[PDB]
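Asks:
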Amino acid sequence: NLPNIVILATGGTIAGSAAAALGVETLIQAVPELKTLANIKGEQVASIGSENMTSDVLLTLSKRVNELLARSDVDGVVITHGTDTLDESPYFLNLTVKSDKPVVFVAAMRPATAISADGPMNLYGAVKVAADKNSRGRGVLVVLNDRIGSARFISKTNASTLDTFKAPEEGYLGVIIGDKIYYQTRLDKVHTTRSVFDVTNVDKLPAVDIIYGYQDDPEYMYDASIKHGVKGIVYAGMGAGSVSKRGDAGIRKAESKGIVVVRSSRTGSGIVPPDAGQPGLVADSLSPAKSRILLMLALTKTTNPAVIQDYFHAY
Amino acid sequence: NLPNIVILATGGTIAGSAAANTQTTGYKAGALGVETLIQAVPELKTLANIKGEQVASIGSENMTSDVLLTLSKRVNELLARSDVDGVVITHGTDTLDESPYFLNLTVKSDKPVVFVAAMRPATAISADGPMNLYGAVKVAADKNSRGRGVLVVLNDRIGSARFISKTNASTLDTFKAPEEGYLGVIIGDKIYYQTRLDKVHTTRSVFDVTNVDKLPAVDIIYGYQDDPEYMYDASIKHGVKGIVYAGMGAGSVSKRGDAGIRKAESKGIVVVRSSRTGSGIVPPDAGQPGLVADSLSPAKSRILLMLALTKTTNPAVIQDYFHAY
Amino acid sequence: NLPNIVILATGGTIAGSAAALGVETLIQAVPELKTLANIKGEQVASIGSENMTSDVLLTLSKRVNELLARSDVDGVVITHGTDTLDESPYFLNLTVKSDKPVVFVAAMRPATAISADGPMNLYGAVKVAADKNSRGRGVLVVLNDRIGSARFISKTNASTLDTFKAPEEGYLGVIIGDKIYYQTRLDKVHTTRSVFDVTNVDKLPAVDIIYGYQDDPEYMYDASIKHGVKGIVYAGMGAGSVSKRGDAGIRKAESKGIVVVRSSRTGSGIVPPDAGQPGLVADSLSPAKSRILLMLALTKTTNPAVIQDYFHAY
Amino acid sequence: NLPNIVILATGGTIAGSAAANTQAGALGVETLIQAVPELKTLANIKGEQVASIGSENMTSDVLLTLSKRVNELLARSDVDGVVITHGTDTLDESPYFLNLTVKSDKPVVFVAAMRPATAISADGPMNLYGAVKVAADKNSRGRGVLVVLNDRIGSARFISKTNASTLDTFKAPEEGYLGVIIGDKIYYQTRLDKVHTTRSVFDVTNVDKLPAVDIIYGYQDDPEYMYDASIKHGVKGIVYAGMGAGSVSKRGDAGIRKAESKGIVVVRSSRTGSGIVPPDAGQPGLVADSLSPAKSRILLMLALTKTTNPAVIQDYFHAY
Ligand SMILES: N[C@@H](CC(=O)O)C(=O)O
Ligand SMILES: N[C@@H](CC(=O)O)C(=O)O
Ligand SMILES: N[C@@H](CC(=O)O)C(=O)O
Ligand SMILES: N[C@@H](CC(=O)O)C(=O)O
């Protein structure tokens with residue numbers, strides 16, 4: 003009679019130890045309170061720092077997620093993950109998961125052996141959220157610090173705080189307070205069941221690099237991407253994707269070689285607006301790191317700029 | 003009879019023209035002169051005797067350190083004069099993260115140095131420029147602005163060069179510091195100071211570019227999943243003196259990054275691990291290469307690192323700098 | 003071919019003169046509205062929103078409902094002051110019953126100020142209202158290039174242009190470079206799905222807001238009691254926490270049939286249920302929005318459990 | 003060798019228990040101290056139990072007691088600083104009281120915790136550690152009264168509970184934090200540009216009862232009678248939690264004026280949660296500057312022990 007939730011562990015600080033790494037079965041054991049929310053099965057997809065998360069491991073994760081959500085005896089899925097790269101992995105699965113069932117990413121800033129470690133509660137909130145049927149159809153979820161954020165908006169905004177994960181402009185989809193879920197907001201983009209993206213039959217994703225925008229920014233960074241035959245480049249623009257004349261050169265250069273370039277921003281938030289005056293596609297409100305994921309996945313369907321641009325406004 | 007303020011222009015949307023007023027995105031930055039700017043706010047004659055000066059007429063995307071030196075040498079030139087009470091600097095927003103901070107390190111006077119910008123062209127409806135400029139001259143003329151570090155004014159806020167930054171691509175209230183706030187606000191034609199910068203700045207800064215003609219080259223390299231090593235090889239192949247890593251979370255290096263950083267350190271390039279995050283502390287970790295950016299943005303870390311390398315190549319001296327400025 | 007939009011004028015700083034105004038002056042001032050829609054102006058009232066009252070709200074609410082029921086009205090823009098934009102839009106959010114966009118707009122600076130925000134806000138509001146894609150999103154609050162939900166957004170700073178924020182909830186959408194980007198949707202009961210109708214209401218119940226604080230006087234409840242208020246909202250310390258003096262005074266009111274909601278003086282967040290304390294609980298609703306919900310709920314029911322649920326659903 | 007730090011306990015959720023860890032009985036100061044053995048690496052601790060209450064119930068009387076005692080401790084050469092355990096519900100006020108009230112350079116760090124000590128991932132232990140770390144840094148000196156939760160060091164003058172229930176609640180969007188605590192080092196970033204502690208004129212050393220000040224909220228249809236009830240019960244000051252920038256409706260206008268008739272001092276603050284309420288000649292009452300309703304009661308309250316002069320009280324609000 004209780005929901006059947008699978009915890010796929012991938013590593014991260016939620017799984018570390020010290021005197022201030034640890035497998036899935038322990039994370040579960042450190043919170044016996046999980047018993048009261050779901051029947052839990054644990055599975056170890058990887059044990060790496062999320063900084064070392066790569067498109068390849070994401071292909072395995074995504075495939076295993078869809079494989080499990082296809083099952084009649086799996087109600088939702090909770091994914092244990094680091095925070096340094098939690099910007100990208102949930103957005104990946106938001107684009108790539110074929111189910112309506114809850115996929116929920118959980119993480120912690122303090123390791124399990126820290127004074128007032130956030131992992132235990134984050135995990136509890138994440139399983140509770142996953143075990144809720146009202147949690148379906150919401151897109152991939154990101155749960156830490158009592159907040160349920162959308163994979164499309166939520167990112168790490170502070171380097172070291174427990175409350176890092178924010179989306180200033182779009183808030184949190186909802187909230188977990190006093191052992192109650194409080195949904196307030198619904199993502200208004202294409203995701204999960206409605207997404208045209210399918211990585212089920214993909215062995216390898218196209219390479220996509222990220223170039224920063226800044227005063228005196230080198231044109232030779234683009235030459236690198238161009239040389240190594242990268243498929244896409246995400247410019248992390250000054251302000252609203254603004255390019256200097258080196259950005260301009262580098263980008264236009266890349267574009268003649270058939271490299272799809274998307275101008276995002278280095279600011280943290282907001283719309284990069286369309287502009288005939290500048291080269292490259294526009295990222296809408298997509299962060300540089302999430303733009304990479306969308307571009308990377310977009311480059312498995314098409315190379316067409318207007319089409320991909322279309323994705324960038326809808327996804 | 004009243005304070006003598008000088009406005010030094012560098013271009014930017016504050017001085018952008020556009021064909022129509024409904025249009026907010028995609029125009030000509032630095033199309034108009036400091037005199038056109040000043041003329042549109044005749045209210046400034048209530049605050050200051052104003053002299054305008056055109057240092058540059060570029061969009062701040064194209065702001066180069068070469069113009070920064072020139073600008074920094076000029077501010078110091080003026081504030082040393084008896085007839086100059088404070089400077090206002092009109093500037094783009096795209097790169098207003100870095101120019102204020104630069105002069106925060108290189109200005110040598112108590113006097114107010116207030117950068118000012120607009121998110122909307124002068125032609126836009128409800129253009130923020132005039133009010134912003136009014137506030138900028140206000141702050142500058144007020145003796146009580148003295149010794150507060152270099153200041154950034156937009157949207158009735160007075161932020162510190164050290165903390166403030168463009169936090170949104172396109173909104174008027176872009177310039178924020180979640181963790182540090184604003185030194186002061188401007189409300190009902192009054193200045194309210196609330197905060198002071200608890201870092202080293204201006205008069206007490208050890209960095210002096212009065213006689214420097216070429217600042218050392220510093221590249222920023224982003225952190226992300228599947229980040230390539232070859233970007234580090236690129237900076238090395240080009241004789242760069244410092245690299246700022248815009249790291250994942252608190253400057254976390256991937257395998258590729260660790261190796262890339264480490265190649266750079268071999269050939270004597272100083273590496274600072276900053277954060278793509280947007281705020282907060284990158285703490286020392288002796289299990290990771292390069293030094294640590296404290297709470298300085300990749301943009302700002304690039305500036306300090308650059309100016310640091312004019313003084314020393316000592317990794318420990320520079321690490322001290324990040325913790326102090 | 004171009005959408006029909008009625009701008010309903012209520013007053014506010016968006017319509018103020020200085021030495022450093035009717036709906037038609039406002040319209041005249043943004044000639045670019047003509048590119049967005051065909052515009053009719055109406056002056057519902059001309060007050061500072063600080064002087065906005067339930068009975069003017071009713072007049073407005075019915076008029077809005079009346080306008081939106083026409084074939085030839087596509088949407089409604091309400092010009093209004095900021096000091097009470099917390100309340101007015103939420104009111105309409107529950108009482109309106111078309112999917113047609115109802116867009117409140119305001120300005121922190123008067124039209125005469127350097128870099129006055131009125132014109133641009135008014136432009137945005139109309140653009141939003143004239144967009145087919147705006148339908149059925151609940152009542153909206155446009156200022157400073159954001160589309161806020163009436164359920165969430167509130168004045169968070171006394172005097173800045175960007176005052177209107179909902180930290181926990183962000184914006185519904187945004188207006189950048191002359192285009193609208195919708196991003197999130199109100200996951201609460203609103204407009205067409207709301208049970209709250211005021212068509213047949215002449216006077217709304219009286220509801221007071223009492224502030225929570227160290228040494229808070231119990232007599233404030235005694236006062237609200239003397240004047241036979243129907244409901245009290247408590248702007249509690251923290252998550253709606255009562256002192257002994259608040260505990261007893263609320264319990265006092267509750268025994269006289271007055272319905273008490275416990276909200277927060279904090280600015281955001283959930284006041285969770287608690288059997289150890291009296292009053293109902295305000296979910297994430299502010300004190301000012303709690304008033305609007307409670308006073309409307311009092312037109313329907315006096316039943317604590319039903320009222321309580323409204324606060325979790327609406 | 004190590005700094006001597008006194009912990010003064012007043013109660014609060016930091017000292018709060020519950021039946022299960024997934025969700031109240033009181034816990035002593037020494038229970039809080041033994042829960043964190045790592046404190047001994049930071050300082051010598053003395054525990055002192057001043058009160059044991061929810062901060063809902065914190066009164067101006069106990070704050071007087073809390074003040075006199077903190078001044079008495081800090082006056083000693085062998086006391087380097089004091090950490091105060093206090094509920095979150097009324098940390099808006101107590102800290103600011105002490106900020107005007109303490110005569111010492113020496114750190115006064117308030118600490119609290121949003122989740123009970125009993126709760127899974129409870130925030131009490133780490134918060135206090137932080138609070139003691141700050142109180143035992145000699146660099147915490149001369150910064151005014153300090154508030155530590157969620158790794159942040161906030162100024163008493165600015166910081167407030169902005170969310171009902173979350174861990175990161177205590178913010179000040181316009182002013183930020185004075186410092187933060189990250190990876191077991193303190194990082195100072197900002198200084199309070201206001202009169203505080205040693206420069207304050209507010210002396211309650213010989214004050215037994217504080218004047219009464221009510222807070223009356225501003226809203227649509229706001230009743231004039233709140234003001235009358237304030238008046239009837241001999242209140243010496245009223246703080247107005249106004250609409251926008253302390254804006255008064257016809258009723259608050261009449262009501263304030265009435266209270267001004269009786270020599271009740273009124274301050275127009277704001278219900279919004281941040282920002283400047285400007286002077287407006289065409290409106291009654293004094294003006295709060297950027298002070299919240301809660302902190303305004305506190306500043307008004309103390310000003311009325313010193314003076315009843317409208318001009319002088321207004322100066323306090325632009326200075327403190
Ligand atoms: N390096 C860690 C950081 C964290 O989880 O907080 C990670 O795996 O992402
Ligand atoms: N592209 C412009 C943006 C602005 O100033 O608002 C610049 O940086 O010059
Ligand atoms: N007093 C004005 C303030 C404003 O609109 O900004 C009002 O009507 O609310
Ligand atoms: N009721 C508690 C709330 C808390 O501390 O979290 C108090 O203020 O004492």
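Protein chains in written order, with the authors' numbering: chain C, 3 to 22, 33 to 327; chain A, 3 to 327; chain B, 3 to 22, 34 to 327; chain D, 3 to 25, 31 to 327.
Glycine is no exception: its CB is placed at the ideal position from the N, C-alpha and C atoms.
Check the C-beta distance from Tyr103 (chain D) over to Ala171 (chain D) and give it rounded, since I have them as a contact under 8 Å.
Replies: Along the fourth sequence, read from residue 1 onward, the residue named residue 103 (chain D) stands at position 96. Along the fourth sequence, read from residue 1 onward, the residue named residue 171 (chain D) stands at position 164. Not really, about 20 Å apart at Cβ, beyond 8 Å.
Asks: Can you list, in chain order, the residues of its chain with a C-beta nearer than 6 Å to that of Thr169 (chain A)? Leave out the 5 residues immediately preceding and following it.
Replies: Here residue 169 (chain A) refers to the residue found at position 167 of the second sequence. The residues are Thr176 and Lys178.
Asks: Looking only at its own chain, which residues have a Cβ that is under 7 Å from the Cβ of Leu298 (chain A), when we skip the five neighbours before and after it?
Replies: For the purposes of this step, residue 298 (chain A) is taken as residue 296 along the second sequence, with counting starting at 1. Closer than 7 Å at the Cβ level, and outside the excluded window around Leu298 (chain A), lie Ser276, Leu306 and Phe324.
Asks: Between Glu63 (chain B) and ligand 3, is the CB less than 6 Å from at least one heavy atom?
Replies: Here residue 63 (chain B) corresponds to residue number 50 of the third sequence, with the count starting at 1. Yes, Cβ of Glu63 (chain B) sits closer than 6 Å to a heavy atom of ligand 3.
Asks: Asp191 (chain D): buried (16+ other C-beta within 10 angstroms of its C-beta) or exposed?
Replies: To locate residue 191 (chain D), count along the fourth sequence from 1; it is residue 184. The residue in question, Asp191 (chain D), is exposed, as its Cβ has fewer than 16 Cβ neighbours within 10 Å.
Asks: Provide the residue span of the beta strand (DSSP E) that contains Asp229 (chain A), from first to last.
Replies: In the second sequence, residue 229 (chain A) corresponds to position 227, counting from 1. Counting along the chain, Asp229 (chain A) falls outside any beta strand (DSSP E), and DSSP gives it neither H nor E.
Asks: Straight-line CA distance for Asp87 (chain C) to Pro285 (chain D)?
Replies: The residue labelled residue 87 (chain C) in the question sits at position 75 within the first sequence. The residue labelled residue 285 (chain D) in the question sits at position 278 within the fourth sequence. The alpha-carbon atoms of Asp87 (chain C) and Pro285 (chain D) are separated by roughly 56 Å.
Asks: So, is the C-beta of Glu63 (chain C) closer than 7 Å to a C-beta in chain A?
Replies: Stepping through the first sequence from its first residue, residue 63 (chain C) is reached at position 51. For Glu63 (chain C), the answer is yes, since a Cβ of chain A falls inside 7 Å of its Cβ.
Asks: In angstroms with no decimal places, state the Cα-to-Cα distance between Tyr327 (chain A) and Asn23 (chain A).
Replies: Residue 327 (chain A) sits at position 325 when you count from the first residue of the second sequence. Residue 23 (chain A) sits at position 21 when you count from the first residue of the second sequence. Between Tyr327 (chain A) and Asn23 (chain A), the C-alpha separation is close to 41 Å.
Asks: Going straight from the alpha carbon of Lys201 (chain B) to that of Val152 (chain C), what length do you get?
Replies: Position 188 of the third sequence, counting from 1, holds the residue named residue 201 (chain B). Position 140 of the first sequence, counting from 1, holds the residue named residue 152 (chain C). Looking at the two C-alpha atoms, the distance is approximately 20 Å.
Asks: Helix, strand or coil for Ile16 (chain C) per DSSP?
Replies: On the first sequence, residue 16 (chain C) is found 14 positions in, with the first residue counted as 1. Note: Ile16 (chain C) maps to helix in three-state DSSP.
Asks: Under 6 Å Cβ to Cβ from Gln321 (chain D), same chain only, skipping five residues before and after it: list those, please.
Replies: The residue you call residue 321 (chain D) lines up with position 314 of the fourth sequence. Closer than 6 Å at the Cβ level, and outside the excluded window around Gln321 (chain D), lie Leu293.
Asks: Residues in its own chain within less than 8 Å of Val155 (chain D) by CB, not counting five upstream and five downstream?
Replies: Taking the first residue of the fourth sequence as position 1, residue 155 (chain D) is located at position 148. Here the set comprises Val116, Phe117, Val118, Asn134, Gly137, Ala138, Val141, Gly161 and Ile188.
Asks: Report yes if the C-beta distance between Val273 (chain B) and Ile283 (chain B) is below 7 Å; otherwise report no.
Replies: Residue mapping note: residue 273 (chain B) aligns to position 260 of the third sequence, counting from 1. Residue mapping note: residue 283 (chain B) aligns to position 270 of the third sequence, counting from 1. No, they are not a contact pair.
Asks: Taking the straight line between their C-alpha atoms, what separation do you get for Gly149 (chain A) and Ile271 (chain D)?
Replies: For this step, residue 149 (chain A) is matched to residue 147 along the second sequence. For this step, residue 271 (chain D) is matched to residue 264 along the fourth sequence. Each residue's alpha carbon lies about 40 Å from the other.
Asks: Does the CB of residue 29 (chain D) have a neighbour CB from chain C at under 7 Å?
Replies: Any question about the placement of residue 29 (chain D) has no answer from these coordinates, since chain D jumps from 25 to 31.
Asks: Of the residues that make up the region 212-240 of chain D, which ones have a beta carbon closer than 9 Å to any beta carbon in chain B?
Replies: The region 212-240 of chain D vs chain B, Cβ under 9 Å: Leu217, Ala219, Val220, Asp221, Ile222, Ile223, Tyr224, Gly225, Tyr226, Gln227, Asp228, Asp229, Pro230, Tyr232, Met233, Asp235, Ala236, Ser237, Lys239 and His240.
Asks: Check for me: the beta strand (DSSP E) holding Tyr247 (chain D) runs from which residue to which?
Replies: Locating residue 247 (chain D) in the fourth sequence gives position 240, counting from the first residue. It spans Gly244 to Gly249 - the beta strand (DSSP E) in which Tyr247 (chain D) sits, taken as one unbroken run.
Asks: Could you please give me the residues that DSSP links to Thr92 (chain D) through a beta bridge?
Replies: Against the fourth sequence, residue 92 (chain D) aligns to sequence position 85. According to DSSP, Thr92 (chain D) bridges with D:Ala11 and D:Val118.
Asks: Taking only three categories from DSSP, how would you classify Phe209 (chain C)?
Replies: Along the first sequence, one-based indexing puts residue 209 (chain C) at 197. Three-state DSSP puts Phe209 (chain C) in coil, outside helix and strand.
Asks: Distance, Cα to Cα, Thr315 (chain A) vs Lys216 (chain A)?
Replies: By one-based count along the second sequence, residue 315 (chain A) stands at place 313. By one-based count along the second sequence, residue 216 (chain A) stands at place 214. One C-alpha to the other measures close to 16 Å.
Asks: Taking the alpha carbon of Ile7 (chain C) as the point to measure from, which residue in C:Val43, C:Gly54, C:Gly14 and C:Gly18 has its own alpha carbon closest?
Replies: Within the first sequence, residue 7 (chain C) is the residue found at index 5, counting from 1. The candidate whose alpha carbon is nearest that of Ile7 (chain C) is C:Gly54.
Asks: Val86 (chain C) lies in the alpha helix (DSSP H); which residues open and close that run?
Replies: In the first sequence, the residue the question calls residue 86 (chain C) occupies position 74. Looking at the DSSP string, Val86 (chain C) is not in any alpha helix (DSSP H), and its letter there is neither H nor E.
Asks: Please decide whether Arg198 (chain D) counts as near chain A, where near means a Cβ-Cβ distance under 7 Å.
Replies: In the fourth sequence, the residue the question calls residue 198 (chain D) occupies position 191. It does: the Cβ of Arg198 (chain D) has a partner Cβ on chain A nearer than 7 Å.
Asks: Here's the rule: buried if 16 or more other CB atoms are within 10 angstroms of the residue's CB, otherwise exposed. What is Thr97 (chain D)?
Replies: Locating residue 97 (chain D) in the fourth sequence gives position 90, counting from the first residue. By the neighbour-count rule (16 or more Cβ atoms within 10 Å), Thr97 (chain D) is buried.
Asks: Please decide whether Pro285 (chain B) counts as near chain C, where near means a Cβ-Cβ distance under 7 Å.
Replies: If you number the third sequence from 1, residue 285 (chain B) lands on position 272. It does: the Cβ of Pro285 (chain B) has a partner Cβ on chain C nearer than 7 Å.
Asks: With DSSP run on the structure shown, which of helix, strand or coil describes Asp221 (chain A)?
Replies: As a position in the second sequence, residue 221 (chain A) is number 219, starting the count at 1. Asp221 (chain A) falls in the strand class under three-state DSSP.
Asks: Counting only Cβ pairs nearer than 7 Å, list the residues of chain D close to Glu181 (chain C).
Replies: For this step, residue 181 (chain C) is matched to residue 169 along the first sequence. None at all; the shortest Cβ gap to chain D is about 15 Å.
Asks: Which same chain residues, not among the five before or five after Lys269 (chain B), have their C-beta less than 7 Å away from its C-beta?
Replies: Taking the third sequence and counting its residues from 1, the one referred to as residue 269 (chain B) is at position 256. The answer, listed in chain order, is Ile238.
Asks: Between the region 125-145 of chain C and chain D, which residues of the former have a C-beta closer than 8 Å to a C-beta of the latter?
Replies: Cβ contacts with chain D: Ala126, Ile127, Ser128, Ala129, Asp130, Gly131, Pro132, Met133, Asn134 and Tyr136.
Asks: For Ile283 (chain B), which three-state DSSP category applies?
Replies: Taking the first residue of the third sequence as 1, we reach residue 283 (chain B) at position 270. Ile283 (chain B) falls in the coil class under three-state DSSP.
Asks: Strictly below 7 Å CB to CB, what residues from chain C border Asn23 (chain D)?
Replies: Locating residue 23 (chain D) in the fourth sequence gives position 21, counting from the first residue. By Cβ distance, chain C contributes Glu45.
Asks: Taking only beta-carbon atoms, is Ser172 (chain C) less than 7 Å away from chain D?
Replies: Residue numbering aside, residue 172 (chain C) sits at position 160 when the first sequence is read from its first letter. Output row for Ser172 (chain C): interface = yes.
Asks: Indicate whether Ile52 (chain D) and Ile60 (chain D) have their beta-carbon atoms separated by less than 7 Å.
Replies: Counted from its first residue, the fourth sequence places residue 52 (chain D) at position 45. Counted from its first residue, the fourth sequence places residue 60 (chain D) at position 53. Cβ atoms of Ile52 (chain D) and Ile60 (chain D): not closer than 7 Å.
Asks: Within 10 angstroms of its Cβ, does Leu46 (chain C) collect 16 or more other Cβ (buried), or is it exposed?
Replies: Numbered from its first residue, the first sequence carries residue 46 (chain C) at position 34. So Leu46 (chain C) ends up on the buried side.
Asks: I want to verify the contact list: residues of chain B whose CB lies under 9 Å from the CB of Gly280 (chain A), in sequence order.
Replies: Taking the second sequence and counting its residues from 1, the one referred to as residue 280 (chain A) is at position 278. Per Cβ cutoff of 9 Å: no residues; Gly280 (chain A) is ~16 Å from chain B at best.
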